[PDB]
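Undergrad:
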Amino acid sequence: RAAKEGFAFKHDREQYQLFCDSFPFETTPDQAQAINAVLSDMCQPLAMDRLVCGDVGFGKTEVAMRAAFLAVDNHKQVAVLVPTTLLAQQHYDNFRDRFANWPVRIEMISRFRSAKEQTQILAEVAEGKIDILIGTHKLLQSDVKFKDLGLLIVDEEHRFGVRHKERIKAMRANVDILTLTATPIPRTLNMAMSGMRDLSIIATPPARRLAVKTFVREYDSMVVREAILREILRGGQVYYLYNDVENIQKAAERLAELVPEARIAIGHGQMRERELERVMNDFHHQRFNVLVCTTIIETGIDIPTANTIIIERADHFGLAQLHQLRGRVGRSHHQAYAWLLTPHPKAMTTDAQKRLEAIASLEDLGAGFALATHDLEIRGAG
DNA sequence: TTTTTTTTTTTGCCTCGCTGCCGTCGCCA
DNA sequence: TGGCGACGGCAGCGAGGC
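Numbers given in the deposited numbering equal positions in the first sequence, counted from 1, plus 574.
1. Locate the alpha helix (DSSP H) running through residue 663, then write down its first and last residues.
2. Rounded to the nearest angstrom, what separates residue 816 and residue 580 at their Cα positions?
3. Using the Cα positions of residue 871 and residue 774, report the straight-line distance between them to the nearest angstrom.
4. Would you mind listing the beta strand (DSSP E) stretches within the segment 595 to 665 that are 3+ residues and don't spill past its ends, in chain order?
5. Around the Cβ of residue 731, are there at least 16 other Cβ atoms within 10 angstroms (buried) or fewer (exposed)?
6. Leaving out five residues before and five after residue 822 in sequence, what residues of the same chain have Cβ atoms less than 6 Å from its Cβ?
7. Tell me whether the segment 617 to 634 and the segment 837 to 856 touch, counting them as touching only if at least three CB pairs, one residue from each stretch, are closer than 8 Å.
8. What whole-angstrom Cβ distance do residue 645 and residue 652 have, given they're in contact under 8 Å?
9. Could you give the distance in angstroms between the alpha-carbon of residue 796 and the alpha-carbon of residue 882?
10. Measure the Cβ-Cβ separation of residue 669 and residue 590 and say whether it is below 7 Å.
11. Tell me, please, whether the segment 874 to 890 touches the segment 915 to 931 by the rule of three or more beta-carbon pairs shorter than 8 Å.
12. Can you say whether residue 805 is buried or exposed, counting buried as having 16 or more other CB atoms within 10 angstroms of its CB?
13. With distances taken from CA atoms, which of 712, 639, 621, 637 is nearest residue 657?
14. Whole angstroms is fine: what's the gap from residue 689's alpha carbon to residue 696's?
15. Can you pull the DSSP bridge partners for residue 676?
16. If you count every other CB in all the chains shown that lies within 10 Å of the CB of residue 622, and 16 or more means buried, which is it?
17. Please report the straight-line C-alpha distance between residue 830 and residue 794, rounded to a whole angstrom.
18. If the criterion is Cβ atoms closer than 7 Å, does the pair residue 722 and residue 624 meet it?
19. Evaluate contact between the segment 672 to 692 and the segment 730 to 750, counting only Cβ atoms and requiring at least three cross-stretch pairs below 8 Å.
20. Beta carbon of residue 682, beta carbon of residue 704: below 7 Å?
21. Kindly indicate which residue of 759, 862, 716 has the alpha-carbon position closest to the one of residue 741.
22. Beta-carbon within less than 6 Å of residue 634's beta-carbon, same chain only, minus the 5 sequence neighbours each way: which residues are those?
23. In the DSSP assignment, find the unbroken beta strand (DSSP E) run with residue 703 in it and report its ends.
24. State the DSSP-derived secondary structure class of residue 949, mapped to helix, strand or coil.
25. Is residue 596 buried or exposed, if buried means 16 or more other CB atoms sit within 10 Å of its CB?
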C-alpha cells in the first residue's frame with residue numbers, strides 16, 4: 575500500500591558528487607530542491623512515491639536520471655519505456671557518454687529485435703547484471719524478467735487507454751515504481767495519486783529562457799520558403815508533417831523544388847530500422863541541412879540544432895498528436911521560431927465555417943486548461 | 001440539451017488508422 | 001531437402017470526440 579517498505583539506500587554523497595560534477599549545466603535552486611527531494615525519498619525506506627513533472631526537451635529529462643547512482647550502488651535493475659526507437663538510441667548514447675568511466679552494462683530493445691537480439695535479451699535478463707533497460711511497443715505484453723527491480727519510469731499514455739498502467743501494476747511484486755507523465759494529463763489521476771504520492775511541482779521555465787516566436791498564417795509557399803531561407807542561415811532544422819499514407823516522395827520532391835539550395839533527406843516513416851538509424855546518424859552529423867518527420871513514429875523529441883517548427887495540416891488534427899507536439903519544442907541559448915499554416919477545414923461541410931472560426935480563436939488550447947484540470951481534480955479523483 | 005463554447009461532459013464514441021500476429025517465401029545448413 | 005528469419009496483410013485494439 576502507501577507504506578511499501580523497502581531496503582537500505584545509503585547516499586554516499588562524495589561519490590555522487592564526483593560522478594555528477596561533470597554535468598555541463600549549472601544547477602538552479604529549484605532543480606537542487608528537486609534532486610534533494612528525490613534523494614531523500616530514495617534514502618527513505620518507504621515507497622518511492624514522488625511526483626515530478628518535466629517536458630520532453632533537453633534539460634528536463636536527465637534530471638531524474640541522477641538516481642542511477644542510487645540504483646547502481648545497491649545493485650538493482652531499472653527500466654524505462656521509451657515509446658520509439660530514435661529516442662531510445664539517443665537516450666542510450668547520452669547515458670553511456672555520461673556514465674562511461676565505470677563498469678556499467680546497458681542494453682535495450684528496438685526495431686532491430688531479430689532472433690539474435692531476442693537471444694541476447696534473454697541472456698541478459700537471465701544474468702541480471704544489466705543495470706538499465708529500455709523497452710518498446712511490445713515490452714508490456716512480453717515476459718520481461720527481473721530479479722531486483724530498483725525503479726521504473728513510464729510516460730506518454732495518450733495513444734491508449736488505461737491498460738498498460740494496470741499491466742505494470744501487476745508486475746509490482748515487492749518492488750515500487752516512479753510512473754509519471756511528461757505530457758500534460760487531466761489532473762483527476764494526479765488527485766487520486768495525491769495522499770499517497772508526494773506532490774513536487776518544481777516548475778522551472780528558467781535556465782533556458784530565450785525568445786520564442788510562435789505565429790500562424792494562411793497556407794502559402796512563399797512564407798515557407800522565406801522561413802527555410804531564414805533557418806538555413808546557421809544550419810538550422812525544420813520539420814514537415816504528413817499523413818504517411820499519400821506520396822511522401824512527391825511531398826519531398828515538392829519541398830526540394832521549393833528550396834533547391836538545400837539538401838532534403840528521406841524522412842519517410844514506417845521504413846526499415848536500418849534506414850531510421852541512418853537518418854539519426856545524418857541528423858547527428860548535420861549532413862543534410864533539411865530533414866523532416868511526420869508523426870509520433872518519427873517526431874518524438876526536439877533537436878537542439880533545430881529552431882523552426884511548422885504545422886501544415888491544420889484541417890485534420892490528432893487528439894494524441896497535438897499532445898505529443900505540445901511538448902517537443904525548445905532550443906538552447908538561441909532564438910526560437912515557429913509558424914503554422916491554416917488550410918480551410920472541410921469534411922461534412924455542415925460546420926466548416928464554425929471550425930475555421932474555432933481554429934482562428936483556438937487561444938492556445940482553450941487558454942488555461944490547467945484551470946480546468948484543477949477544477950476537475952477538486953471535484954473528483956480517479 | 002443534437003455535438004459542441006472544446007468546455008462543471010458520462011459512459012458513447014465512428015473513424016480512419018497502429019499494430020501483433022500468422023502465413024508465405026527466400027535462404028542457409 | 002528442411003528449418004528459419006524477414007516480409008506482408010488483417011482483424012482487434014484500450015474504450016477515446018469531430
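Just so you know, even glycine gets a beta-carbon here, dropped at the ideal spot from N, CA and C.
TA: If we stick to the structure as given:
1. Start and end: 660 to 672.
2. 48 Å
3. 31 Å
4. 651 to 655
5. buried
6. Here the set comprises 816, 842.
7. no
8. 5 Å
9. So the two alpha carbons sit approximately 16 Å from each other.
10. no
11. yes
12. buried
13. 712
14. 10 Å
15. Answer is none; residue 676 lacks a bridge partner.
16. buried
17. 16 Å
18. Cβ distance not < 7 Å, so residue 722 and residue 624 don't count as in contact.
19. no
20. no
21. When only C-alpha atoms are compared, the closest one is 716.
22. 628
23. Residue 703 -> no beta strand (DSSP E), and no H or E assigned at all.
24. helix
25. exposed
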